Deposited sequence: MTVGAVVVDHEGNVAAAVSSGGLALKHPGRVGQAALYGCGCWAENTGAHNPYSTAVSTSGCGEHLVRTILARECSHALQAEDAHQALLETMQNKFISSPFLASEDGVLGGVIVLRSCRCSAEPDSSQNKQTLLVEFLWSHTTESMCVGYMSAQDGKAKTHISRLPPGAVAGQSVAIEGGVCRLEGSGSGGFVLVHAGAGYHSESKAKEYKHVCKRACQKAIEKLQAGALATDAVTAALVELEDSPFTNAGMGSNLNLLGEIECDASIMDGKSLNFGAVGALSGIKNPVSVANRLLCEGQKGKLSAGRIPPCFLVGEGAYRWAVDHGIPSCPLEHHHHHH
């Protein structure tokens, strides 16, 4: 699973998530990366909301769904202390959720940012209960993406302990991006590989922002790079399902409009996040926000999103 969160120079936030789901899953199984409130969340400051907040999740899909973690994190981040709010959410609303009390271990990760105001104060954090999680972050002013394999400390137990880190950033046409390329066990073997795709994904988002793009288009450009890595379980290289076929989940949310787009069980499209973003975009102009399976493919093709008919399945 891959994800990204973006804030532009005005405090407009966006979030997206893309995944290939569980290996050998039954055909048509849709997971967290497609589900409203679960895979990602983005919400600009407003009446109640003193902060703009963006969240993207990773790890065990079912664990993330049952606790609606992305939205839960965004609501907790309206509290004054962001570090403490996220840590308590991960401990109490995730690991200790009654919705997961049957589970022997709760496995998940999250990336967040929140901003508030002509200076923009961005706080960004990542937290995970998996052994590790690869992140990358970049601001348009620092102009050099930083990547980091966050690991659980010695003595921690994967699925029972929480790791959490983060930082702060004061920001024209700039902005800030944080991405992740998977939360689970890691191998030092392809650790530089995850770090490299995270760096490139940050650079693409930053370049989009520096060209005047909307937050949603910049977060989508980040996820396109993350998907395209043959090493990530999203887009190309997604785990194969029980029938040895590709079925992708992806979604995106805009903090300003609160509009949402999502695809589930999608095969034959190179970049699932692009269909999610096109659904969100076309929906701003009763438009659909969530398409699955055969109809999602046909809708993507009809809108000129690059396809792979040889990778598309349509069983009877």
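In this entry, the deposited residues absent from the coordinate set span 1, 119 to 129, 184 to 186, 301 to 307, 339.
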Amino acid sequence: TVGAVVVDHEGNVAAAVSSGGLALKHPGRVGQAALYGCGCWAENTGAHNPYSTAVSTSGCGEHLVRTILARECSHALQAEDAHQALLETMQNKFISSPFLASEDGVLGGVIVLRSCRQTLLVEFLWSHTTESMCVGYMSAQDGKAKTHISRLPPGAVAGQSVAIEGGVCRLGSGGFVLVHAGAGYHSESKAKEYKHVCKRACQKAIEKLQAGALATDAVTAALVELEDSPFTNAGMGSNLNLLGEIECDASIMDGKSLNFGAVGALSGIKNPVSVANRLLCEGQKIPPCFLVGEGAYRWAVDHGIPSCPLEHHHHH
From here on, numbers count along this sequence of modelled residues.
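The PDB entry records a higher mean C-alpha B factor for 49 to 57 than for its counterpart among 49 to 57 and 28 to 36.
Of the two stretches examined, 215 to 223 and 179 to 187, the record assigns the greater average C-alpha temperature factor to 179 to 187.
In the PDB entry, the Cα temperature factor peaks, among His75, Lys93, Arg114, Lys195, at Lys195. Per the deposited coordinates, the residue with the largest Cα temperature factor out of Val106, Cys134, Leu121, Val110 is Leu121. Among the modelled residues of its chain, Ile246 has a C-alpha B-factor that falls in the highest third according to the deposited record.
In the PDB entry, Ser127 places in the lowest third of its chain by CA B-factor. In the deposited entry, the Cα temperature factor of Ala265 places it in the lowest third of its chain's modelled residues. In the PDB entry, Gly304 places in the highest third of its chain by CA B-factor.
The deposited CA B-factor of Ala4 belongs to the lowest third of values across its chain.
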